[PDB]
Protein chains: 6
Amino acid sequence: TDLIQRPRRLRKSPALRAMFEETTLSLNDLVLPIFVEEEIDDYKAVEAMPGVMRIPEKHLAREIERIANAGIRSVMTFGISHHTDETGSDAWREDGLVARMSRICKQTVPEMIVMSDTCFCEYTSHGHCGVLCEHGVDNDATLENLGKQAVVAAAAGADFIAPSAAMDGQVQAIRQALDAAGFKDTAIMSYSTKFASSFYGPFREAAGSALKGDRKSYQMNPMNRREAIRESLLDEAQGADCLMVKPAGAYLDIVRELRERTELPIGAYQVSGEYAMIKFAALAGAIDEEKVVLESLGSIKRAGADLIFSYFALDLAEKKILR
Amino acid sequence: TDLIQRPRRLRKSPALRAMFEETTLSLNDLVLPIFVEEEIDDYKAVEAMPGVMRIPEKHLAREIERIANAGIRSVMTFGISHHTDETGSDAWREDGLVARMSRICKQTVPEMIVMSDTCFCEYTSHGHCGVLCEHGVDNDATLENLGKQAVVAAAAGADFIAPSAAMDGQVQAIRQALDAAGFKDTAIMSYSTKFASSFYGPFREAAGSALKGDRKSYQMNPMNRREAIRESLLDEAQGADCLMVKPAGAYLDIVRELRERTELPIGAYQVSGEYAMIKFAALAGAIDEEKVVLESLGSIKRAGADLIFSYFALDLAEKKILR
Amino acid sequence: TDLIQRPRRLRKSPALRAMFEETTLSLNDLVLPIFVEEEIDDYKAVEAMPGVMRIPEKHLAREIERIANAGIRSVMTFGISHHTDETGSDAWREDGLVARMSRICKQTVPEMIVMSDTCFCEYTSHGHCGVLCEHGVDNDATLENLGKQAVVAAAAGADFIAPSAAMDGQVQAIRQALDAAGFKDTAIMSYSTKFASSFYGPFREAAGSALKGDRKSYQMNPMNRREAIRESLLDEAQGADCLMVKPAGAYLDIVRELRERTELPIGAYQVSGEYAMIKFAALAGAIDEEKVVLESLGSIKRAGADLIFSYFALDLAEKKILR
Amino acid sequence: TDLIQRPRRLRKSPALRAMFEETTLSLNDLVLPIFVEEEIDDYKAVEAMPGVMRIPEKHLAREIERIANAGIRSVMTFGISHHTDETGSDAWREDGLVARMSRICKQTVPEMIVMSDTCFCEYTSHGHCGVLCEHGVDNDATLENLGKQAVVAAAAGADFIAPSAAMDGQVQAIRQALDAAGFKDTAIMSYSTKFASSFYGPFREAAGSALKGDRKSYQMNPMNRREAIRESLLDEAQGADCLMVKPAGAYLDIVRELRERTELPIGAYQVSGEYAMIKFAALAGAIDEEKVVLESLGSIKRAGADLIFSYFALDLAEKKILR
Amino acid sequence: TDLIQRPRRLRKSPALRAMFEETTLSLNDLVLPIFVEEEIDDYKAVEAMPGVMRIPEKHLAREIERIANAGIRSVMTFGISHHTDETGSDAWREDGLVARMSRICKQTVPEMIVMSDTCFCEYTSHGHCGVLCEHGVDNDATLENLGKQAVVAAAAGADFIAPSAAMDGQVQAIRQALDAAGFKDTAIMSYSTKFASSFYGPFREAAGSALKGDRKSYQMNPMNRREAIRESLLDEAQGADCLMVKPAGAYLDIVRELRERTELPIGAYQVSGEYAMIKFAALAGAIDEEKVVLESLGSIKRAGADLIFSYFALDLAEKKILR
Amino acid sequence: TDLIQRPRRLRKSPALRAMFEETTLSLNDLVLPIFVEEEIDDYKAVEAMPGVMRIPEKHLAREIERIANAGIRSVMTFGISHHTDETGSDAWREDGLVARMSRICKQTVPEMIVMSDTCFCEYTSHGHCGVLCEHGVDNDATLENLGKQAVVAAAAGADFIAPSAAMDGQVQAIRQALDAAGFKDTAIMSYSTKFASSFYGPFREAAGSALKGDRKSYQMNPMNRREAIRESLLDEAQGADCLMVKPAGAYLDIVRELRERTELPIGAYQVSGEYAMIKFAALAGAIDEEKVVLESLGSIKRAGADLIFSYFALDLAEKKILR
Ligand SMILES: *[C@H](CCC(=O)O)CC[C@@H](*)CCC(=O)O
Ligand SMILES: *[C@H](CCC(=O)O)CC[C@@H](*)CCC(=O)O
Ligand SMILES: *[C@H](CCC(=O)O)CC[C@@H](*)CCC(=O)O
Ligand SMILES: *[C@H](CCC(=O)O)CC[C@H](*)CCC(=O)O
Ligand SMILES: *[C@H](CCC(=O)O)CC[C@H](*)CCC(=O)O
Ligand SMILES: *[C@H](CCC(=O)O)CC[C@H](*)CCC(=O)O
Ligand SMILES: [Mg+2]
Ligand SMILES: [Mg+2]
Ligand SMILES: [Mg+2]
Ligand SMILES: [Mg+2]
Ligand SMILES: [Mg+2]
Ligand SMILES: [Mg+2]
Ligand SMILES: [Zn+2]
Ligand SMILES: [Zn+2]
Ligand SMILES: [Zn+2]
Ligand SMILES: [Zn+2]
Ligand SMILES: [Zn+2]
Ligand SMILES: [Zn+2]
């Protein structure tokens, strides 16, 4: 036939394909979510998340050295609480689990980039991301508490305060609180566009989130692309240093759209449900885990993500699959 | 706190959330892929795709009636061949499996829109998508055969000829071929952006594709977003009635970029691999299948797809989960 | 002939057309304007609006249950006043018609989305949308009163306070008033771009608006597309949760232009004159009412409207034409 | 209140509003559709279109003179045939009704710009816009006939050949045809975006279109905005001198999107249905006809139309409402 | 001070800076230019390009093995001719220097991607890029010869034919030529935007280009940014597989503008002059060579280049500075 | 061959090329960086910068007259300090070197445009661009001092205060300080996008900057194009009269991108390392200095720069190469 344009020409050998590959993925693009449980002794496997385990607080100094030695540059701290209550106040206790997780990480590996998850769903008896009032989760009462938690996490050494409470004005609240306390240099990794997804089941199992209803009244609608952009642009306006799309996997259209609407760095969270789905199809022998993980993380980068929160990070690190 | 902008205002209730939902998913958005195996008697279960079975040719009249009864408006045919050879010539035999799958569907259900997968990987002894040469899969030898297959399938009643060979100029070749033989009205549903993905394992099992190596010399690189758009715009230029992104789940950024680059309809294939990861994670009790399937399909719609190829379409239709 | 591109290919059967339909319309997209008259006993037909009737206040609890049972998710309340005066002060009487209409609706169907029309043209002896002063309608005196009305409507349970007075700064005024009174969660459905149209005659008949001149000094010029966009973008800037184009029917260019200029939800009002025109041509046997209604509402959605205010809503609901 | 931006500032008076009016409507924006019935003696009233009458061929010289005297710069001819058949061949008879309507207009008023409707629904026994086949309306059989009709109408003096058959490739066919016969200077006014609307009932009555079914296999879907633009850009590509959206009243979003996609002139047809809804609502005394006609026509201008096809053009011209 | 936005927040440490680095440079981004001199025995040092030497043809098998061992994925061949003449015919001799440089590279290292410089300035007695006429370099006489050279080099194994003659229509000429001779799969790497720069002195020394005058009648003006884009888009239109900007260092604005105007791969040539200025400044001890080379190459990547032609590639590869 | 488009047509003679040259460079586009050393007697050559010399303060009145007489319209003052200390306080001494350099220039040539470099790296014992604190360079303590320096430089007659400290909020700080002191007319030439480049070695030698580490914690990452734009747009937002990209040479993609994102004038700094690289390759006889300088400065203008800071300026001036 007569065809002048032939895409296949640059696909002929592995060398040609390597030369013309548009997107690349490094170990640097990954942030490792870590689960830390206070007052316990043995690491606990998370069933819903094949390979993940809660790290006993007594072993955190050891795991963070392990992670750092594998080449992971950053972690996101999630605690499993034994001092839950109606407001999740242990989260702003200058010495509670949240402060302690940071303290230990920064003390152990000074150069480790410590992002402290900032919410209450893991510290409240009801499992909601804030103060429950007659109304539902109280936005402004929760903003107050998110700010106090911010200051003690910054106090403990957290490099980024990451609000995941899906509260309006949360970035502004945390920025003023940090500044007022002399933490004007502490960064905010906002979970800016965070969907009321059905892919967090494994995570809730892993983190001990005691919730029976849903978070549909704060986390946003999965179907709303316009609203998703506006959620992130409001956070940019309130001073976030980095934005984020959560989940990442089934939202790369949102990542790409946001990429074109801001100059800010954009993070993407490869959530627990996405991890479970790769892990369980691999164990059923349906897919090649490694090929599927690399393709998935590669797609997230291709969509425009600057950083990817991924539970596969340390394995990828240690098995020298990514450098 | 001071906030005039409060996104949560429209999230207060189920009624408010429904009123402001930006994207909708319905049954007419779905196209159901079916596997038909010739010269066989019982339905065969696909191991890697729980719930999916090869339909015996003898029972296709029965199944396409069932499918149609469920509300499914369309199907994509894939045959499992017992007449494979060097060039996959059974596919262009006037009464080969390709032509008969269409014939039995259109004759049983005249209203059923039948899209006929158009390739050779299911009919070649080597498992590759075309004619082999010392070269690798020979582009132009394959184009002639795609043309021949197009006319017999068109003659057999197929409403869409869907070339999935990833051959340069395939749409033009098939357009020229159908036109000359008097099928100027038969449409082309081009797998215009078809990535050399690792998510097709389950499908190859289901369709009996005898491939030992890879398809990287013709299916495109997963990392190449600019190339992906160019791939589809070259097919729009060639006359394609509908364009397509495959896989869809991890390529929503592609679907969205493409939506902004053409006025043509865009299909998105929720591949066997995606189906597999959802089913095994649900079997493992880690996620809720239905909520995860609906979220997954809704995101593909959200990203810009007009039609979605889903192996979940029949259950969603019969269980009246989508109307 | 030789034509590669053939649009007609996807128009061959009802099935194909259904698969390729770009826009859809659900019962969810509709908001039902309701006319409630205090101190009366029998429902009154509105002559200019064939099929519409004023609901006696004593029957409102009954009609709102009827509407809600038909599946309508939201209503817009308009009262016919028997206590008109120079400033329309019954509108901010904590117990006047406006408060009462809301009170009754929310008390009867707690989940009903109650949008309270916010103006004075129905409560003033002169029929103008505010305070008449030497000058004409006094913008700032009217802003004051619009805020007080907002608080009592929010107090009564209105979900959205909908200013239709076409007063500059009305959204800002209503937002500060609501916030100050502890109604920071009450939404604003601004009639942001509201034209000085000649299509409201039937509505004025239906609502008892006692006006002899025009509203050309506040409602904007029908011919000004640039000004129309700016009117809506100013409201976005002042905190509106939802914007609106009124009328909708002969302004879909304005709807589409606004759609591309904001991420906010956009409402469109299918006004009384548009309803009368469909109703009277149908009664003269000139057109098919149902086909024309569905095509018109479908066009409004196609233009970019997220919600449509429509008097045909309950019929469409009950006759199961829309679900 | 504090507001530096007050849109009402330029709305204070009639002089200020006129000075800032963005869009203008004049008589030269209007094209007058006329119905001419052959072999008949008295004017026939169109029931569904009050004020509209079939003009007897014998009286056309008289009427086109009247029209021209009124200031009308152009007309679109529609003939009511007494010579219908299977293929609508009277339309391409050198002296058939199509050719004579043009001839009598150009010869009576040499300056009159005559646009000749170019189709077969008014000349076929079955009422469809072309040649029927087992298929439905045969596209390419019809294109040949459109070509033949184009040359006789061109030869008869028509200034524009306006194909309203909704056939793929109609503009190219008619361009090729006129060119070969030496009418390289005759223009094409393409009904480029012609929707399968329900607003044409009154017109079919007025023009005697013997159709029992629908035109959905060729006129396009009302819901398809992206397809609508593609429809017109394919005609610009084919050489069309002017493009068009029909209907116009409920498709102003289309007109505006198209205005932004081409530098070509764009016509908009205010259809019989729109005319009917305005007239019957005015008869019912529900709206003011003149104010509603002027607003309706002004919105079509506002949306981007260069020319408007209106059945109100003559009254507006004679009553000196437009100059 | 009051500042919510503090860019320095993500600059606090080496880890934070790496995590937020937007652009990456790797070894696969580099293509290594090599100078091969025929009929000679020892390596010759290039004075003006410290570190660069003419490789004796006899030692090419050895060197391409060394290059390939280092990790270099590709080279661009430039031969120093001992058979120059009026038309540069040695270049299209089936076994001329051009064909043999390719042959020895592909045969020694089958995986090596060989791009063959395609011109006549190194083979013509007058030193100009083609056939001379009273005119100056004759465009179309040269195109024929570029075509002839393309096929022998293609036949010899070259993976890319890279026309650097700056002839109008060179890509089409070479595409037509390779196609006819059965090299439809051989690619074209067009020096699409090739400026008449003053930075090529060192290269001419290294490649033995016998030119006394200038190339301004064919290489384009350095000041013309709009012309530069037009130059490359005409080559994309002609079928070029990859486009290119030369020089690259002082034309990063061009590279970036071009990146936004095409989806095609874009190469950028870090010319001999740039290489020379870096080396001599480093020799003079004024700058750090490595830091300056890495910054220079990283900026070309940053600006949008997919591939970079660099004379520093081998040292960077062997010293393991890039992987 | 057949080619309609022939770029070469406008390249045939020097006259044609001159007519079609898109970009031009005048002496007006250049700003001359001057090095002034207090308490010394003989001009000192800067080894790293062939041709540049520190001007003894006692000779400044003489050199500025020389510069002005050559036609240079503006200079950028850099001092070599003999009164360095921990905070660089001599920089805000109403009579220190910074004040004095300006004083002398404006006193000598009243019409000379005096841009005073505003930092501390030349006045601090540690060589950092501000106040060193436990943390690193203290952003806010440095902002304080940058403001005081601004007022005394404005006091001395500087026309532009040019902050090069890469401190967040520096433009805002300097603007408030200037305004408060009655210097609301003094302009700010912000070094808005200033990279942590490896091309400043020669400058540091020339300016006596006593730094042993790097400026990576304030000057921005060379690889971050998105951040580069945001750095400049923040300065526009804080009131800068002119923006700047530094370095210029290997950042013309950044210059072009910024050009398209602001209406503000954009300056570009052809840094010392770029000067050294041209000078040393010219001395090694590798390139033609003049041709390379003119091409480089011409590229900077082509990329979008309105003013270029260049050390070659006075030579270009005196040798009448630029007027
Ligand atoms: C937000 C969502 C948590 C929840 O709603 O339970 C913060 C945690 C994100 C990670 C969830 C996951 O990895 O599934
Ligand atoms: C604004 C216009 C009312 C008026 O000017 O009388 C608020 C009511 C909109 C609906 C009017 C209608 O449906 O005609
Ligand atoms: C900023 C950079 C100076 C440094 O970091 O030493 C202000 C001076 C710019 C000119 C530097 C040069 O010309 O190299
Ligand atoms: C594409 C090629 C599939 C393959 O096996 O390479 C055409 C069929 C797409 C379906 C694949 C799937 O569902 O996994
Ligand atoms: C389009 C087809 C009309 C039809 O009856 O299908 C060409 C004529 C447009 C005028 C229709 C009207 O005015 O209603
Ligand atoms: C372009 C022409 C070079 C010339 O000498 O005119 C093709 C080769 C580019 C390399 C030039 C260099 O590296 O300086
Ligand atoms: Mg938010
Ligand atoms: Mg293709
Ligand atoms: Mg307003
Ligand atoms: Mg058409
Ligand atoms: Mg060229
Ligand atoms: Mg800055
Ligand atoms: Zn939470
Ligand atoms: Zn295949
Ligand atoms: Zn009102
Ligand atoms: Zn017709
Ligand atoms: Zn050359
Ligand atoms: Zn400094």
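Ligands are counted one by one from 1 in listed order, and the atoms in each one are counted from 1 as well. In what follows, every chain begins at residue 1, and chains take the letters A, B, ... in the order their sequences are listed.
Between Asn224(A) and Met220(A) there is a side-chain heavy-atom pair separated by less than 4.5 Å.
Shortest non-hydrogen contact noted between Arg8(B) and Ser217(A) is NE-O, 3.1 Å. Across every non-hydrogen atom of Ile308(C) and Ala305(C), the tightest pair is CG1-CB, 4.4 Å. The two residues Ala228(C) and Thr193(C) make their nearest non-hydrogen contact at O-OG1, 2.6 Å.
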For ligand 2, what N or O to protein N or O distances fall under 3.5 Å?
residue, atom, partner, partner atom, Å
ligand 2, 5 (O), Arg204(C), NH2, 2.9
ligand 2, 5 (O), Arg215(C), NE, 3.1
ligand 2, 5 (O), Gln219(C), OE1, 2.9
ligand 2, 6 (O), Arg204(C), NE, 2.7
ligand 2, 13 (O), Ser272(C), N, 2.8
ligand 2, 13 (O), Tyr311(C), OH, 2.5
ligand 2, 14 (O), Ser272(C), N, 2.9
ligand 2, 14 (O), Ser272(C), OG, 2.6

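Listed by chain and number, the residues in a side-chain hydrogen bond (donor to acceptor under 3.5 Å, both in side chains) with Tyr275(C) amount to none (sequence neighbours excluded). Partners of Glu122(C) according to the side-chain hydrogen bond (donor to acceptor under 3.5 Å, both in side chains) rule, which considers only residues two or more places apart in sequence or in another chain, do not exist here.
The existence of a salt bridge linking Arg11(B) and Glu231(A) is confirmed by a sub-4.0 Å separation between a basic side-chain nitrogen and an acidic carboxylate oxygen.
Sorted by chain and number, the protein atoms of type N, O or S within less than 2.8 Å of the Zn ion (ligand 15) are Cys119(C) SG, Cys121(C) SG, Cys129(C) SG.
Residues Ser209(A) and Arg215(A) bring a donor and an acceptor atom of their side chains to less than 3.5 Å of each other.
Here the options are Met277(A), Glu274(A), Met49(A), the test is side chain to side chain contact (heavy atoms under 4.5 Å, CB included), and the partner is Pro202(A); only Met49(A) passes.
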